[PDB]
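Presented below, as structure tokens, is a lone chain in the form deposited in one PDB entry.
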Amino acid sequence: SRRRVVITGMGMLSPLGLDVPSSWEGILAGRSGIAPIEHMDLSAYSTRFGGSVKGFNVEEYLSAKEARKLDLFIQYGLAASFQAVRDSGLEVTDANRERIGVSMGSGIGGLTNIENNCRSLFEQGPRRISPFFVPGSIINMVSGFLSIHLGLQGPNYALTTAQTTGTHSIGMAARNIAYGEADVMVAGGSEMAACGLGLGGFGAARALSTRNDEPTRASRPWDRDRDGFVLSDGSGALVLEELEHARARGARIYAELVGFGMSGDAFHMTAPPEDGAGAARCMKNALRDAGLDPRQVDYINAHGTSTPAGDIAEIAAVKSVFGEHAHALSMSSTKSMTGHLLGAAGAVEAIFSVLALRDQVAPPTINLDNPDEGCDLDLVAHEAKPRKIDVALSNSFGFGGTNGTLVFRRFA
């Protein structure tokens, strides 16, 4: 019968820091991690900026000889996974290695690597393709390499649900523990889609902010002057753990994961419904899953991508789910500061949601200078808001109409 699940460890690479504490300080101070991109020439692109991971040293984690074989998304995933495990204090042994699994996902995976090998193929021939092209690019290799390095023999898999990946990864890993398939799961996601095909591809679809001359003000969720999402890189990993297993070993518990919802919009390949019907279904699923009155919700970490249709759909979903309580809770998009980490988005945002519970503060939506028509909720414009948070909700919505909601609460 269904077991309870707590968070005992967290790790992160974001545009704001090379770990959780440093990233979280940036969040609470309203700092942007968005800057013109330096790792390639974007003069022929309509978008020339994003949230890069700055000064990442893979040799804090791996040998240069292994690192070279792996796409950045995998390096980022392992760094965050390693951080989360260290932060948990958990020791892998013969007694428990079979009860510890990993579900680290990505939206796009090794696009940089696949592009580079495509270039080698087209310009030089097939004999210049890396022998590591497949194990070093495909999405399940975060879960793979983590299990090899730590000796994790539990359930080993990866989700790819586009911008919903990190939320789904975390939610399903909690279901694994809930149902007895595992006692511990390392779950989240990683993304590094800032190559030509990534920036070009979102560019072709006219989905990205083109504010090349003011990159820190580009991501402006619910602002009337928003013009698309900002593309960001990084990783989030959490250690999820059966409550009694955590209690038995005296683990520090950050929070309890009480709720998980999924739904499909069945509306459009890329556009959300204007009324947020799919998001409303998903949140209601998650709150029912948690046994909650919707009035218990204090804080929502919105998807909040800074697209015209996405942002407004979310307001509608929250108003429809929470009614008059929609006016009492605080909702913010940390994408105002981090940008959109795509498949890692749900992962870093689940960490920020937990930290909102630990520190009792709503992170700000920076750049919200003129809230758009109907965007009249407490969106924590400009500045972090200290406040009572017992229950925090993290939303994600992706291409394919795929929706995810996580529900966290304080644990005593």
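The numbering used is simple: start at 1 and walk along the sequence shown. We call the rigid core whatever largest set of C-alpha positions still superposes within 1.5 Å between the two forms.
Superposing the other copies on the rigid core and comparing 39-47 to 26-34, farther C-alpha placement in 9 other deposited structures of this protein marks 39-47. The mean C-alpha temperature factor is higher for 21-29 when 400-408 and 21-29 are set side by side.
When the mean C-alpha temperature factors of 92-100 and 330-338 are read from the deposited coordinates, 92-100 comes out higher. Highest CA B-factor among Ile312, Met172, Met185, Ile300, as stated in the entry: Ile312. In the PDB entry, the Cα temperature factor peaks, among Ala271, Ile148, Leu159, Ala237, at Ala271. The entry lists a Cα temperature factor for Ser353 that places it in the lowest third of the chain's modelled residues. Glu242: CA B factor in the middle third of modelled residues in this chain (values from the PDB entry).
Among all modelled residues in this chain, the alpha-carbon of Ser120 has a temperature factor (C-alpha) in the highest third. Per the PDB record, residue ranking by Cα B-factor puts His325 in the middle third of the chain. The PDB entry assigns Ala344 a C-alpha temperature factor belonging to the lowest third of its chain's modelled residues.
A second form of this protein, the form deposited with a small molecule bound, is not displayed here; the remarks below concern that form.
Using a 4.5 angstroms limit between non-hydrogen atoms, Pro272 touches the small molecule in the deposited complex. With a 4.5 Å cutoff on heavy atoms, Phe229 counts as touching the small molecule in the deposited complex. Contact between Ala205 and the small molecule in the deposited complex is found at the 4.5 Å heavy atom cutoff. Remark: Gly398 counts among the residues lining the small molecule in the deposited complex, judged by a heavy atom distance of 4.5 Å or less. Only one of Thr307, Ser330, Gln75, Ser143 comes within 4.5 Å of the small molecule in the deposited complex through a heavy atom, and that residue is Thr307.
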